[PDB]
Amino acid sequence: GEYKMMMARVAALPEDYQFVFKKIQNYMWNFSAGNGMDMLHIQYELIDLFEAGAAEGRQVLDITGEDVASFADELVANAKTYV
């Protein structure tokens, strides 16, 4: 269903987008308090953003900045306000 489909979309992205996504997914599972569904909704939003960026031809680290932990950290923090 939804999770498998969303992971398939990640697998269709360039390898660097894939690695960075995996880094963020792990960071969120490592550090997220809060509802697992919120964390998944945020990851789905992130896959929409990553798909668009790859489609426009941007590099993944333009999106996240070099400090991926700080990106993910601000994503798990704005998880509350957003989801």
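Throughout, we count residues from 1 along the sequence that is shown.
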Task: Higher-B stretch (mean Cα B-factor, as the entry records it), 71-79 or 56-64 - done: 71-79
- [ ] Within this chain's modelled residues, let me know which third the CA B factor of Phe19 belongs to: lowest, middle or highest.
- [x] lowest
Open item on the list: Is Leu40 in the lowest, middle or highest third of its chain when residues are ranked by C-alpha B-factor?
Closed with: lowest
Task: Third assignment of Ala33 from its chain's C-alpha B-factors - done: highest
